[PDB]
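What follows is the content of my_file_30.cif (mmCIF, C-alpha atoms).
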data_final
#
loop_
_atom_site.label_atom_id
_atom_site.label_comp_id
_atom_site.auth_asym_id
_atom_site.auth_seq_id
_atom_site.Cartn_x
_atom_site.Cartn_y
_atom_site.Cartn_z
CA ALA A 1 0.00 0.00 0.00
CA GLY A 2 1.36 3.38 -1.04
CA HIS A 3 -0.30 5.19 1.85
CA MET A 4 1.71 5.46 5.07
CA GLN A 5 0.36 2.89 7.52
CA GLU A 6 2.90 4.05 10.10
CA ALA A 7 1.30 5.48 13.24
CA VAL A 8 2.60 8.00 15.78
CA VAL A 9 1.63 8.30 19.45
CA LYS A 10 2.23 11.31 21.69
CA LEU A 11 2.50 10.99 25.47
CA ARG A 12 2.75 13.71 28.12
CA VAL A 13 6.03 13.59 30.05
CA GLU A 14 5.65 14.10 33.80
CA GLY A 15 9.29 13.40 34.59
CA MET A 16 10.79 16.06 32.33
CA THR A 17 12.77 18.71 34.21
CA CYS A 18 15.16 21.63 33.73
CA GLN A 19 17.61 19.03 32.41
CA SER A 20 17.89 18.22 28.70
CA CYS A 21 17.24 14.48 28.66
CA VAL A 22 15.38 15.13 25.40
CA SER A 23 18.64 14.63 23.50
CA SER A 24 19.32 11.40 25.39
CA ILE A 25 15.83 10.04 24.71
CA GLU A 26 16.36 10.76 21.01
CA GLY A 27 19.20 8.25 20.85
CA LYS A 28 16.98 5.57 22.35
CA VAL A 29 15.23 5.39 18.98
CA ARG A 30 18.47 3.95 17.60
CA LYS A 31 17.86 0.92 19.84
CA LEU A 32 14.20 0.67 18.85
CA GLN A 33 13.33 -1.91 16.20
CA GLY A 34 9.79 -1.22 15.04
CA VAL A 35 9.79 2.44 16.07
CA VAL A 36 10.73 4.68 13.14
CA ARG A 37 11.60 7.88 15.00
CA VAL A 38 10.91 9.81 18.21
CA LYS A 39 10.23 13.54 18.42
CA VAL A 40 10.29 15.34 21.77
CA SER A 41 8.98 18.88 22.25
CA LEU A 42 10.51 20.69 25.22
CA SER A 43 8.22 23.66 24.57
CA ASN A 44 5.16 21.42 24.89
CA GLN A 45 6.74 19.27 27.60
CA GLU A 46 5.57 16.20 25.68
CA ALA A 47 7.09 13.20 23.91
CA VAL A 48 6.13 11.88 20.47
CA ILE A 49 6.93 8.32 19.43
CA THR A 50 6.56 7.26 15.80
CA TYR A 51 6.19 3.53 15.14
CA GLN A 52 4.83 1.15 12.51
CA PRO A 53 2.09 -1.49 12.91
CA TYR A 54 3.93 -3.71 10.42
CA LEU A 55 6.88 -3.94 12.82
CA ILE A 56 6.01 -3.25 16.45
CA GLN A 57 2.67 -2.67 18.18
CA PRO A 58 1.55 0.43 20.13
CA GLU A 59 1.11 -1.34 23.47
CA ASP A 60 4.58 -2.85 23.08
CA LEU A 61 6.19 0.54 22.49
CA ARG A 62 4.49 1.76 25.67
CA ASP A 63 6.70 -0.47 27.81
CA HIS A 64 9.82 0.75 26.02
CA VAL A 65 8.93 4.36 26.86
CA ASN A 66 9.15 3.53 30.57
CA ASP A 67 12.68 2.27 29.94
CA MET A 68 13.63 5.95 29.69
CA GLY A 69 13.00 6.19 33.42
CA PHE A 70 10.40 8.91 32.88
CA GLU A 71 6.62 8.66 33.23
CA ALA A 72 4.50 9.13 30.11
CA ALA A 73 0.71 9.40 29.86
CA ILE A 74 -1.56 9.07 26.83
CA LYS A 75 -2.14 12.54 25.39
CA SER A 76 -4.74 11.49 22.81
#
Show this structure as structure tokens.
Amino acid sequence: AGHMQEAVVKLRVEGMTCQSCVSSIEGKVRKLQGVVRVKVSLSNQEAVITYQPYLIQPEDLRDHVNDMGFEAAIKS
């Protein structure tokens, strides 16, 4: 299918602080298999995770997010 089946989920970060872990969390994507890319907005104090249903599931990626040590909540 030509259309992009890939899906992206945004979660509100409650652990974010004055620090700049955003850059560190970005590298995590390099370890992610299914996930395509992760975009974090410090201005919105939120975290966006882009993944594909053909590779990894949404619920599965949820557990990985916790691996960052921070707490994320469904923004949708």
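Of the listed residues A:47, A:61, A:7, A:13, the one whose atoms come nearest to residue A:32 is A:61, with distances taken using only C-alpha atoms.
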Q: Pick out the closest residue to residue A:33 from this set: A:5, A:50, A:17, A:56. Count all atoms listed in the file.
A: A:56
Q: Could you list the residues chosen by the PyMOL selection byres ((chain A and resi 35) around 10) in this structure as a PyMOL selection string?
A: chain A and resi 6-8+29-34+36-38+49-53+55-58+61
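Atom CA of residue A:24 to atom CA of residue A:40 spans 10.5 Å [interatomic distance, one decimal].
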Selection result for the PyMOL selection byres ((chain A and resi 64-70) around 8) on this file, as a PDB file with C-alpha atoms, keeping the file's coordinate frame:
ATOM      1  CA  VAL A  13       6.030  13.590  30.050  1.00  0.00           C
ATOM      2  CA  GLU A  14       5.650  14.100  33.800  1.00  0.00           C
ATOM      3  CA  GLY A  15       9.290  13.400  34.590  1.00  0.00           C
ATOM      4  CA  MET A  16      10.790  16.060  32.330  1.00  0.00           C
ATOM      5  CA  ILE A  25      15.830  10.040  24.710  1.00  0.00           C
ATOM      6  CA  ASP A  60       4.580  -2.850  23.080  1.00  0.00           C
ATOM      7  CA  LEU A  61       6.190   0.540  22.490  1.00  0.00           C
ATOM      8  CA  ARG A  62       4.490   1.760  25.670  1.00  0.00           C
ATOM      9  CA  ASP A  63       6.700  -0.470  27.810  1.00  0.00           C
ATOM     10  CA  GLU A  71       6.620   8.660  33.230  1.00  0.00           C
ATOM     11  CA  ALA A  72       4.500   9.130  30.110  1.00  0.00           C
TER      12      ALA A  72
END
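Here atom CA of residue A:42 is placed at a distance of 15.7 Å from atom CA of residue A:73.
Take atom CA of residue A:45 and atom CA of residue A:76: the distance between them is 14.7 Å.
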Six-sided padding of 8 Å per side, axis-aligned box over stretch 4-20 of chain A, centre and edges in Å, one decimal, as JSON:
{"center_x": 9.1, "center_y": 12.3, "center_z": 19.8, "size_x": 33.5, "size_y": 34.7, "size_z": 45.5}
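Among the candidate residues A:59, A:46, A:23, A:54, the one lying nearest to residue A:11 is A:46, with distances computed using all atoms listed in the file.
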Q: Find, counting all atoms listed in the file, the residue in A:3, A:22, A:44, A:12 that gets nearest to residue A:74.
A: A:12
Where atoms are lacking, stretch 3-36 of chain A completed to N, CA and C atoms, as a compact mmCIF listing (two decimals), in the coordinates of the input:
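Final file, result_16.txt:
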# COMPACT_ATOMS: atom_id res chain seq x y z
N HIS A 3 -0.02 4.38 0.67
CA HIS A 3 -0.30 5.19 1.85
C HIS A 3 0.59 4.78 3.02
N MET A 4 0.87 5.73 3.91
CA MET A 4 1.71 5.46 5.07
C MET A 4 0.90 4.87 6.21
N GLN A 5 1.08 3.57 6.45
CA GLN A 5 0.36 2.89 7.52
C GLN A 5 0.98 3.20 8.88
N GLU A 6 2.20 3.71 8.87
CA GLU A 6 2.90 4.05 10.10
C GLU A 6 2.04 4.94 10.99
N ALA A 7 2.08 4.70 12.29
CA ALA A 7 1.30 5.48 13.24
C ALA A 7 2.20 6.11 14.30
N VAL A 8 1.83 7.30 14.77
CA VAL A 8 2.60 8.00 15.78
C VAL A 8 1.75 8.29 17.02
N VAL A 9 2.33 8.06 18.19
CA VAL A 9 1.63 8.30 19.45
C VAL A 9 2.38 9.31 20.31
N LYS A 10 1.64 10.28 20.85
CA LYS A 10 2.23 11.31 21.69
C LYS A 10 1.80 11.13 23.15
N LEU A 11 2.78 11.15 24.05
CA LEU A 11 2.50 10.99 25.47
C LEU A 11 3.07 12.16 26.27
N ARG A 12 2.32 12.60 27.28
CA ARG A 12 2.75 13.71 28.12
C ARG A 12 3.80 13.25 29.13
N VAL A 13 4.94 13.93 29.14
CA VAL A 13 6.03 13.59 30.05
C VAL A 13 5.86 14.31 31.39
N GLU A 14 5.81 13.54 32.47
CA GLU A 14 5.65 14.10 33.80
C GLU A 14 6.97 14.07 34.57
N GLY A 15 7.99 13.48 33.95
CA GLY A 15 9.29 13.40 34.59
C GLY A 15 10.26 14.45 34.08
N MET A 16 9.95 15.03 32.93
CA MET A 16 10.79 16.06 32.33
C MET A 16 11.11 17.15 33.35
N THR A 17 12.34 17.66 33.29
CA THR A 17 12.77 18.71 34.21
C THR A 17 13.67 19.72 33.50
N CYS A 18 14.28 20.61 34.28
CA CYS A 18 15.16 21.63 33.73
C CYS A 18 16.24 21.00 32.86
N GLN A 19 16.59 19.75 33.16
CA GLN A 19 17.61 19.03 32.41
C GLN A 19 17.25 18.97 30.93
N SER A 20 18.12 18.35 30.14
CA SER A 20 17.89 18.22 28.70
C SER A 20 17.97 16.76 28.27
N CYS A 21 17.25 15.90 28.97
CA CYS A 21 17.24 14.48 28.66
C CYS A 21 16.66 14.23 27.27
N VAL A 22 15.99 15.24 26.72
CA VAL A 22 15.38 15.13 25.40
C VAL A 22 16.38 14.56 24.39
N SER A 23 17.60 15.08 24.42
CA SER A 23 18.64 14.63 23.50
C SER A 23 18.99 13.16 23.75
N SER A 24 19.00 12.77 25.02
CA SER A 24 19.32 11.40 25.39
C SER A 24 18.22 10.44 24.94
N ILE A 25 16.97 10.86 25.10
CA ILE A 25 15.83 10.04 24.71
C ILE A 25 15.79 9.85 23.20
N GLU A 26 16.33 10.82 22.47
CA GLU A 26 16.36 10.76 21.01
C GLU A 26 17.21 9.58 20.53
N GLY A 27 18.33 9.35 21.21
CA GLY A 27 19.20 8.25 20.85
C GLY A 27 18.56 6.89 21.06
N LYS A 28 17.67 6.81 22.04
CA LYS A 28 16.98 5.57 22.35
C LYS A 28 16.35 4.97 21.10
N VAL A 29 15.85 5.83 20.22
CA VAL A 29 15.23 5.39 18.98
C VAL A 29 16.16 4.48 18.18
N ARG A 30 17.46 4.73 18.31
CA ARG A 30 18.47 3.95 17.60
C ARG A 30 18.43 2.49 18.06
N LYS A 31 17.95 2.27 19.28
CA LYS A 31 17.86 0.92 19.84
C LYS A 31 16.50 0.30 19.55
N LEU A 32 15.54 1.14 19.16
CA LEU A 32 14.20 0.67 18.85
C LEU A 32 14.16 -0.03 17.50
N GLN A 33 13.45 -1.15 17.44
CA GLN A 33 13.33 -1.91 16.20
C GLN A 33 12.18 -1.39 15.35
N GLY A 34 10.95 -1.67 15.78
CA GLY A 34 9.79 -1.22 15.04
C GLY A 34 9.73 0.29 14.92
N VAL A 35 9.83 0.98 16.05
CA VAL A 35 9.79 2.44 16.07
C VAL A 35 10.61 3.03 14.93
N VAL A 36 10.05 4.03 14.26
CA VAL A 36 10.73 4.68 13.14
C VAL A 36 11.54 5.88 13.62
